[PDB]
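Chemist: There's a structure below that I have some questions on.
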Number of protein chains: 2
Amino acid sequence: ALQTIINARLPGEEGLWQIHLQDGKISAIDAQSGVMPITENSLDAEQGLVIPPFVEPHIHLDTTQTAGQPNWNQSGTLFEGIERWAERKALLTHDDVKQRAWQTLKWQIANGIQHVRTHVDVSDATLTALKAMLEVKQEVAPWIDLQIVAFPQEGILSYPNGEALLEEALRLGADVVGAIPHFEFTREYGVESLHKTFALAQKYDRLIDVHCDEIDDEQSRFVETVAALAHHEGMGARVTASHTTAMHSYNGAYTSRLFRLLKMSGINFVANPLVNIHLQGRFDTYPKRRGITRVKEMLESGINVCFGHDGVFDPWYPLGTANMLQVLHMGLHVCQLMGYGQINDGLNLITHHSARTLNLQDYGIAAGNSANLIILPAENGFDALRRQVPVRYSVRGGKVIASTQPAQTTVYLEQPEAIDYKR
Amino acid sequence: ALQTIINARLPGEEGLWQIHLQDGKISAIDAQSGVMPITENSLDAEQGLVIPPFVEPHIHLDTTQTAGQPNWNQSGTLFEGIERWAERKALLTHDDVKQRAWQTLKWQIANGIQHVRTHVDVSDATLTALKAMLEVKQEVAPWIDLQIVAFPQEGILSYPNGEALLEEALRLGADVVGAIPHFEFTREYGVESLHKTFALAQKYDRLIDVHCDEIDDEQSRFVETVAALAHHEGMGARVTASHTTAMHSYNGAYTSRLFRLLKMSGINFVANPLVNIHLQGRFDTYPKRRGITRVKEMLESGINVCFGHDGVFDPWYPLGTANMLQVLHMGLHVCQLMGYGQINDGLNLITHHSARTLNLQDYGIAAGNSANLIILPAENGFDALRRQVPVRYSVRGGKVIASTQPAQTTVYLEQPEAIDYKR
Ligand SMILES: [Fe+3]
Ligand SMILES: [Fe+3]
Ligand SMILES: [Mg+2]
Ligand SMILES: [Mg+2]
């Protein structure tokens, strides 16, 4: 079994490092003064970057892989997506959900993602997708720690037996309580739904992840209730507000007042760049707003924010290969986090910040932690992002669970020349 | 030498096709009723997509590869970019320009780009970068047909001897006359600069490519003069308006009136998604506009529009690997061209539409044309875009000038499994 990871670069650290492994855990981390020779039981990072696993804090594995079945969304609109999904009703079965979820999960494993939080629609009396996902969670456990959010897609108070179904999902094992206040019939139902969500989270000792203010409505401010209730219960770490795209449209004065509460509350924020740029701003003509939450300001204020892919190859987001560096690339551009350091530190948005969002207790390259880490064939975060590098090796429990042999490009000039896109 | 390309898929066509080659040209194109066997002198597209070469209609090879030299742009702003570039003055020499231009050109060759239009700053009495680029043009000719735009970066009327230098650049061989009306001191200088630009283009029989209205100013309407002068001279095909980001902020009534002229004029438009999303909207707080020109509406109106990378690894755009599918990916998202067909037809924005913009006379998979084509290991444009596939083979004059052996990804579950990110 692997005993050491050598010649590793670490974000924010100078030089090369050696990571000693023992019994599936990291036993020690020592600096090197030069390049170490490879040997049996040693995985050579070859001066590449070693980081804890990529994390997917927000994805919908119950709808993934269905784009084009039976028809494609030609307009690319949310409205048509709903219609196209409805046309696939007959195919939505236990086995179908498991098959599609597993397909995307395999892409995630290949992409060095070892932690995934999937929302699952529980506005379904049969709870078909949930029962399927609970089995998938057990099956994929050796490679990915999957969290399931009981997501009341049609509302808690605005859907028949919505609250009862949400609680049933928790009784069946869902890890996180979801909500969607801006989709409830009224602002009052929205606020009330959050009180019910928090009550359930405290009753069952579960995390919370709200689809919060995902709308270009400057009056959608459910985020303040999410943060206030978290602060009141002293449970910020266990709470997440997903999307908050409405924040992109708030006036600056309210946002400034709100930020004090956001920081004090300690709650987490998830932005989903690929989907947000696609679905937001659809009611604008020109100019058209970007519609992503205030990521840059959150980072400047020390508020934990991270990036999710949200949808993969489905009616609402037709693209994706479940690649976090791709999600990061889009987020850095749309959020204008384009300074060298901002780009280089970008990896935090798809690693450490996301681990905090999932309230992970065993994450990071540190002595005592499980030997879960990935190797990127790049010098630093900037380089990894610029070249959209694959994951050379993914290690879990001290064992390699995925590897990618990089593409080899050659140009035939007066003589053949290898091209690696580095200067 | 290669005599045939077999098992090729073609955009907009059903089935597989065989492309016969002779004397460096395409002699015939025949449909296949099934898969053909490989053989000596046959390049197997393996049911991948075959298209004419990718095109880079707008890049600055004189500034490429300088990011971080001597210091990095930490804010990521245009302002700091100017300062960082100024700090590298001592390194700007003939050989330096040639070295950096060639580095990016090699990345472009590796990425199946056989046609490139580079702007070169001619607001320099020594015309250092231009003299260097003219040599590069000759040197890279076997692999890339390079067009040079004499770009008066500091203005024609607003810079000492600006007009004389612009004309000198044409007398030295620049292929295209550039301008930048919104950067001139006054609106009047802006309009006058365009009359001078058109007069020079007609005097020397050159193309025109104006950095046009690249500013979030709803009053920057130099595009109407570019189109009107083109229509008056009956030279629309030879004219291009780059950027036109101001159009993102125009009221709809003026835009509707303007579009009639744009269509009648026949001029070309270049949008630069990666840079536009980064540099535009910088004076907005929240909400923040996207700042890309009206690509979707242009396509719906039959106005030729295409995508350029603009900057690669420089003070103003720190990222990039000169990859057109990456540029396309950003453009489809920001312009909300996310319907299945819109994404699939996206390849036109980086192939045929760009060829028209460069006024290319030998481009396309058609009998009689030079055997210049590339092979993508994908089923169609949608698939190529979604998976960000590399160029498997680039063929020029019937000879392979670049090839990429795809990355190989494996996940180790109960058994090893190859992952290709296809469902
Ligand atoms: Fe979601
Ligand atoms: Fe430019
Ligand atoms: Mg959603
Ligand atoms: Mg520019």
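Chemist: From the list B:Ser220, B:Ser249, which one is within 16 Å of ligand 4 (Cβ to nearest atom), of a type outside the set (A, V, I, L, M) and over 21 Å from B:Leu360 (Cβ atoms)?
Modeler: Criteria check complete, one pass: B:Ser220.
Chemist: Could I ask something else about it? Given B:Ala164, B:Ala90, B:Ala150, which one is aliphatic (A, V, I, L, M) and either within 20 Å of the chain's Cα centre (by Cα) or surrounded by 23 or more Cβ atoms within 10 Å (Cβ to Cβ) (or both)?
Modeler: Step by step, each of B:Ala164, B:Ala90, B:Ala150 is checked, and only B:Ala150 is aliphatic (A, V, I, L, M) and either within 20 Å of the chain's Cα centre (by Cα) or surrounded by 23 or more Cβ atoms within 10 Å (Cβ to Cβ) (or both).
Chemist: Considering only residues that are of a type in the set (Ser, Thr, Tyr), out of contact with any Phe, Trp or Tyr (no Cβ under 9 Å at 6 or more places or on another chain) and surrounded by fewer than 22 Cβ atoms within 10 Å (Cβ to Cβ), which ones fall in region B:364-417?
Modeler: Hit for region B:364-417 is B:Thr410, nothing else.
Chemist: While we're on this one: Please go through (1) part of a helix (DSSP H, G or I); (2) over 14 Å from A:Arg294 (Cα atoms) for A:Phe259 and return the number of the only condition it doesn't satisfy.
Modeler: Going through the list (1) part of a helix (DSSP H, G or I); (2) over 14 Å from A:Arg294 (Cα atoms), A:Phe259 breaks only (2).
Chemist: Okay, moving on. For region B:114-142, what are the residues that are part of a loop (DSSP other than H, G, I, E, B) and either surrounded by fewer than 22 Cβ atoms within 10 Å (Cβ to Cβ) or touching a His at 6+ places or on another chain (Cβ under 7 Å) (or both)?
Modeler: If the condition is that a residue be part of a loop (DSSP other than H, G, I, E, B) and either surrounded by fewer than 22 Cβ atoms within 10 Å (Cβ to Cβ) or touching a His at 6+ places or on another chain (Cβ under 7 Å) (or both), then B:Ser123, B:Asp124, B:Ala125, B:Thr126, B:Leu127, B:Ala141, B:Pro142 are the ones that fit.
Chemist: Sticking with this structure for a sec: Kindly list the number of the only condition in (1) out of contact with any helix residue (DSSP H, G or I) (no Cβ under 9 Å at 6 or more places or on another chain); (2) more than 7 Å from chain B (Cβ to nearest Cβ) that fails for A:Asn272.
Modeler: Checking A:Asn272 against (1) out of contact with any helix residue (DSSP H, G or I) (no Cβ under 9 Å at 6 or more places or on another chain); (2) more than 7 Å from chain B (Cβ to nearest Cβ), the one that fails is (1).
Chemist: Determine which single condition A:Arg423 fails, assuming it passes every other condition in (1) in contact (Cβ under 8 Å) with a residue 40 or more places away in the chain; (2) in contact with a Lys or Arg (Cβ under 9 Å, 6 or more places away or on another chain); (3) not aromatic (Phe, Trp, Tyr); (4) not in a helix (DSSP H, G or I).
Modeler: For A:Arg423, the exception is condition (1).
Chemist: Exactly one condition in (1) surrounded by fewer than 24 Cβ atoms within 10 Å (Cβ to Cβ); (2) closer than 26 Å to A:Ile277 by Cα; (3) in contact (Cβ under 8 Å) with a residue 24 or more places away in the chain is not met by B:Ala237; state its number.
Modeler: (2)
Chemist: What residue, of A:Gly173, A:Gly112, is small (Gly, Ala, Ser), at positive phi and touching a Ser or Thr at 6+ places or on another chain (Cβ under 9 Å)?
Modeler: Answer to the check: A:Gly112.
Chemist: Also, I was wondering about something else. Could you please find all residues in region B:39-59 being crowded, with 24+ Cβ neighbours inside 10 Å and either charged (D, E, K, R) or within 16 Å of ligand 2 (Cβ to nearest atom) (or both)?
Modeler: B:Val55, B:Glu56, B:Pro57, B:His58, B:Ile59 - these are the residues of region B:39-59 that are crowded, with 24+ Cβ neighbours inside 10 Å and either charged (D, E, K, R) or within 16 Å of ligand 2 (Cβ to nearest atom) (or both).
Chemist: Count, please, the residues in region A:93-113 that happen to be assigned to a loop (DSSP other than H, G, I, E, B) and over 19 Å from A:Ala322 (Cα atoms).
Modeler: Residues that pass the stated criteria total 1.
Chemist: In contact (Cβ under 8 Å) with a residue 40 or more places away in the chain, over 18 Å from A:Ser354 (Cβ atoms), assigned to a loop (DSSP other than H, G, I, E, B) and not hydrophobic (A, V, I, L, M, F, W, C) - does that describe any residue in region A:47-58?
Modeler: Looking for residues that are in contact (Cβ under 8 Å) with a residue 40 or more places away in the chain, over 18 Å from A:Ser354 (Cβ atoms), assigned to a loop (DSSP other than H, G, I, E, B) and not hydrophobic (A, V, I, L, M, F, W, C), one finds at least one in region A:47-58, hence yes.
Chemist: Would you check if A:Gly266 is crowded, with 24+ Cβ neighbours inside 10 Å and within 23 Å of the chain's Cα centre (by Cα)?
Modeler: No.
Chemist: Taking the stated definitions as given, is B:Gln74 in a loop (DSSP other than H, G, I, E, B), over 30 Å from B:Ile208 (Cβ atoms), touching a helix residue (DSSP H, G or I) at 6+ places or on another chain (Cβ under 9 Å) and free of Cβ contacts under 8 Å to residues at least 12 places away in the same chain?
Modeler: Yes, satisfied.
Chemist: Does region B:151-158 contain any residue that is within 16 Å of ligand 2 (Cβ to nearest atom), free of Cβ contacts under 8 Å to residues at least 60 places away in the same chain, of a type in the set (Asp, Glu) and outside the structural domain of B:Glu379 (by CATH)?
Modeler: Checked region B:151-158: at least one residue is within 16 Å of ligand 2 (Cβ to nearest atom), free of Cβ contacts under 8 Å to residues at least 60 places away in the same chain, of a type in the set (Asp, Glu) and outside the structural domain of B:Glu379 (by CATH).
Chemist: Name the residues in region A:213-232 that are under 21 Å from A:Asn272 (Cβ atoms) and assigned to a loop (DSSP other than H, G, I, E, B), would you?
Modeler: Passing the criteria: A:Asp213, A:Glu214, A:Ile215, A:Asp216, A:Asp217, A:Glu218, A:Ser220, A:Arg221.
Chemist: Considering only residues that are of a type outside the set (A, V, I, L, M), in contact (Cβ under 8 Å) with a residue 60 or more places away in the chain, more than 8 Å from chain A (Cβ to nearest Cβ) and closer than 14 Å to B:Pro273 by Cβ, which ones fall in region B:323-352?
Modeler: B:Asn323, B:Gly331, B:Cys335
Chemist: Moving on. Could you please give the count of residues in region A:207-224 that are more than 16 Å from ligand 3 (Cβ to nearest atom) and crowded, with 20+ Cβ neighbours inside 10 Å?
Modeler: Residues that pass the stated criteria total 4.
Chemist: Would region A:233-250 turn up any residue that is in a loop (DSSP other than H, G, I, E, B), within 14 Å of chain B (Cβ to nearest Cβ) and within 16 Å of ligand 3 (Cβ to nearest atom)?
Modeler: Yes, some residue in region A:233-250 is in a loop (DSSP other than H, G, I, E, B), within 14 Å of chain B (Cβ to nearest Cβ) and within 16 Å of ligand 3 (Cβ to nearest atom).
Chemist: List every residue pair whose Cβ atoms sit under 8 Å apart, with the two residues 6 or more apart in sequence or on different chains, where the first one lies in region B:197-222 and is free of Cβ contacts under 8 Å to residues at least 60 places away in the same chain and the second, anywhere, is part of a loop (DSSP other than H, G, I, E, B) and of a type in the set (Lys, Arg).
Modeler: Once the first residue is free of Cβ contacts under 8 Å to residues at least 60 places away in the same chain and sits in region B:197-222, its partners that are part of a loop (DSSP other than H, G, I, E, B) and of a type in the set (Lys, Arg) give B:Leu200/B:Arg206; B:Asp213/B:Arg221.
Chemist: Test of understanding: among B:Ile208, B:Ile215, B:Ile180, which residue is within 16 Å of ligand 4 (Cβ to nearest atom) and more than 14 Å from chain A (Cβ to nearest Cβ)?
Modeler: B:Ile180
Chemist: Within region B:68-83, restricting attention to residues that are within 14 Å of chain A (Cβ to nearest Cβ) and closer than 24 Å to B:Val270 by Cα, which residue is surrounded by the most Cβ atoms within 10 Å (Cβ to Cβ)?
Modeler: Restricting to residues being within 14 Å of chain A (Cβ to nearest Cβ) and closer than 24 Å to B:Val270 by Cα, the top hit is B:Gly76.
Chemist: May I ask you to list pairs of residues, at least six apart or on different chains, whose Cβ atoms are under 6 Å apart, with the first in region B:5-31 being touching a residue at least 24 places away in the same chain (Cβ under 8 Å) and the second being exposed (fewer than 13 other Cβ atoms within 10 Å of the Cβ) and part of a strand (DSSP E or B)?
Modeler: Taking only residues 6 or more apart or on different chains, the pairs are B:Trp17/B:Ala31.
Chemist: Considering only region A:295-312, state which residues are within 11 Å of chain B (Cβ to nearest Cβ) and within 15 Å of ligand 1 (Cβ to nearest atom).
Modeler: A:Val312
Chemist: Which one of the conditions (1) aromatic (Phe, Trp, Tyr); (2) away from ligand 4 (no atom under 16 Å from the Cβ); (3) in a helix (DSSP H, G or I) does B:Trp85 fail to meet, given that it meets all the rest?
Modeler: (2)
Chemist: Of everything in region A:15-40, what is in a loop (DSSP other than H, G, I, E, B) and within 28 Å of the chain's Cα centre (by Cα)? Give them in sequence order.
Modeler: Hit for region A:15-40 is A:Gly24, nothing else.
Chemist: Determine whether region B:291-302 contains at least one residue that is away from ligand 4 (no atom under 12 Å from the Cβ), within 30 Å of A:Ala253 (Cβ to Cβ) and out of contact with any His (no Cβ under 9 Å at 6 or more places or on another chain).
Modeler: No: region B:291-302 contains no residue that is away from ligand 4 (no atom under 12 Å from the Cβ), within 30 Å of A:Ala253 (Cβ to Cβ) and out of contact with any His (no Cβ under 9 Å at 6 or more places or on another chain).
Chemist: Could you list, in sequence order, the residues of region A:379-411 that are within 7 Å of another protein chain (Cβ to nearest Cβ), assigned to a strand (DSSP E or B) and out of contact with any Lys or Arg (no Cβ under 8 Å at 6 or more places or on another chain)?
Modeler: A:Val400, A:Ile401, A:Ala402, A:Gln405, A:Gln408, A:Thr409, A:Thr410
The values are calculated or read from the model by the stated rules, or taken from the named source; nothing here is a laboratory result. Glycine gets a Cβ as well: all are built from the backbone with ideal geometry, and neighbour counts include every protein chain shown.
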